[PDB]
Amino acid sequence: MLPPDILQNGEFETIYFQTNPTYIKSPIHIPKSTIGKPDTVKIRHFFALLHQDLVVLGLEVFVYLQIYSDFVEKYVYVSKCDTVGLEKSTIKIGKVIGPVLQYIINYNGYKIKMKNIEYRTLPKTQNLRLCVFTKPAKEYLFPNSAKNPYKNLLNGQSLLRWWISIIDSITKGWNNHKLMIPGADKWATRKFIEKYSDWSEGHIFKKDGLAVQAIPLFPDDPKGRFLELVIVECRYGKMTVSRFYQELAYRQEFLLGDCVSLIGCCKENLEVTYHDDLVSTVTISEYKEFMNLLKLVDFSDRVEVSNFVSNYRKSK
């Protein structure tokens, strides 16, 4: 997960846990009259880097397994990425995020219960989809950290360039790498990927038909937020994929936002061997309990942060 070469005294430690794999309804609407409907299994991943008693950064990633008879459609969605900045940075954040995200993408030791003692065996063929949105904000995970002396805030274009560099380095050889900047002319979007030969403009999802049957609705995703609206306004039987992305450009979040962007990469027909890797797994309630504790900590305050960390260590 993390290499000793970056740093290795014992100075830094990690928080890392997953939820127990949990069946959910598909984040992509599957028509009721469709054969070979897949089962969907979701796993939440939370990672934080600690230095001494302080949190340095955090990363939340959701993995969705669409399990078919002969293959898995595996979506990896970056939920949140954030830094604290209480101390002078001794390491480049991007060089921790990359490896952790790559580990999460490639993780295949999930203990999945049978669909209604005995765990389900997944198909060996997986098709990977990596989905990342870029949107600057003062804070995503760590309340009040924007006030901190060493928190570095990237503007939207800097943030996009940062994510492109990270994602490119961990998707080497993947079948595609897609960038969309809703509302931006294609020349402006092209400029971000001119030095990335394997990247092109657009998105990774099905191009035709209804948007709701092509695009996954991920939690707390600018794309998902519009999808939700389409569904509650019952425009879901009408709006195509192309029209969805056209109208997405005019959403307040995009049109008033700072280079809000959407990245998707795919790797097709990867043969995966199930590998047992023992990590801390928790119930959803335990996971949510942790996240709720998190949102109540003042991350501008060393005392509160150290206490949070102390309290976690005594737990497990």
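Note that residue numbering follows the sequence shown and begins at 1.
- Message: Gap size between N116 and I117, counting deposited residues with no coordinates: none, 1 to 3, 4 to 9, or 10 or more?
- Response: Gap between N116 and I117: 10 or more residues without coordinates.
- May I ask you to compare 24-32 and 58-66 by their mean CA B factor in the entry and name the higher one? Comparing 24-32 with 58-66, the higher average CA B-factor belongs to 24-32.
- Identify the stretch, either 152-160 or 235-243, whose C-alpha atoms have the larger mean B-factor according to the entry. The deposited B-factors put 235-243 ahead on the C-alpha mean.
- Message: Using only the C-alpha B-factors in the record, can you name which of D208, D221, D82, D168 has the highest?
- Response: Among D208, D221, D82, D168, the highest C-alpha B-factor in the entry belongs to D208.
- Per the coordinate record, which of the options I91, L101, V212, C131 holds the highest CA temperature factor? If I rank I91, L101, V212, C131 by C-alpha B-factor, first place goes to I91.
- Query: Of the three thirds of its chain by CA temperature factor, lowest, middle or highest, which one includes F308?
  - Reply: According to the entry, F308 has a C-alpha B-factor in the chain's middle third.
- Cα B factor band for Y196 (lowest, middle or highest third within the chain): Middle third of the chain for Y196's C-alpha B-factor.
- Query: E289: which third of its chain by C-alpha temperature factor?
  - Reply: It belongs to the middle third of the chain when residues are ordered by C-alpha B-factor.
- Mind checking which third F71 falls in for C-alpha B-factor across the chain? Its C-alpha B-factor belongs to the middle third of this chain's values.
- Task: Tell me, lowest, middle or highest third: where does the Cα B factor of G109 rank within its chain?
- Result: As the PDB entry reports it, the C-alpha B-factor of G109 lands in the middle third of its chain.
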